[PDB]
């Protein structure tokens, strides 16, 4: 069991008096740093020279290099892409850590799969808002926020959980709901969800439907609406009220078709396919494949991206979206 937690469950204001460095100033970094400052926390930014550096000083943040920001900080939150974190950590963060420091991530990939090992006299925590940077910043400004997972990988000080929860509170997530997890569970469920369902499964399902229709001789423009455009309405309904609300709102013909045909398409064998996807997440195979592709100059990602640029549903879709305000 696990109960959702809120501001009243943040027992200790553990970020009190802490010097906070956010590493990276992309959308994610910006949202965290800005939210914490508005909450009333001492935030500085650690990023390599460039546009983000300049914008960081434009926004009024004491901006330093990654190495120096880590030197100054009690709490260091690393918000950079997974594939560059190991290099960045080893070269700029690790030599500038001190005992009793705390290092945070928003996703557990590098820590869980042990591409990064933080010294054992240093806390490692996680606050993982379930939203993109701009939504994390915006909802905070509007007065609430985006819900989040929190976790602790290693607790050297005894303060790590309180730091994680206070970070969550500081970025607005505690205003709407928190769920405690582990680094292992967050990492494996997050990878599995996006691969089997949210991104991989979904786009593949859409593409397969589009192919069946267009290959059967139906017009691609019309197929676009029937497998893609109208999905927003459906998912918005599920988001708000689950399968129940969605199926109430659609016609009984559609509802009946849902019940009857859903299981013909997504079968036991498909569920087995998902189990194989989960297995390669648990055993480290996917993680190694991704890092290896990155190290090799992204050749698989390159081929995937150029292929996806040439999909008929993507060309037709671009034209149709152009033709609609």
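Numbering follows the first chain given and starts at 1.
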* Do the C-alpha atoms of 76 to 84 or of 235 to 243 have the higher average B factor in the entry? -> 76 to 84
* Asked: Between 128 to 136 and 102 to 110, which has the higher average C-alpha B-factor in the PDB entry?
  -> 128 to 136
* Structure fact -> Per the deposited B-factor column, the C-alpha that peaks among 298, 32, 271, 264 belongs to 32
* Structure fact -> Of the residues 294, 256, 286, 61, the one whose Cα carries the largest B-factor in the deposited record is 61
* Structure fact -> residue 183: C-alpha B-factor third of its chain, per the entry, is the lowest
* **Where the record places residue 97 (Cα B-factor, split into thirds across the chain)** => highest
* To do: Could you say whether, by C-alpha temperature factor, residue 177 belongs to the lowest, middle or highest third of its chain?
  => middle
* Asked: Considering only modelled residues of the same chain, in which third does the CA B-factor of residue 91 rank: lowest, middle or highest?
  -> highest
* Asked: If you rank every modelled residue in this chain by C-alpha B factor, which third holds residue 170: lowest, middle or highest?
  -> highest
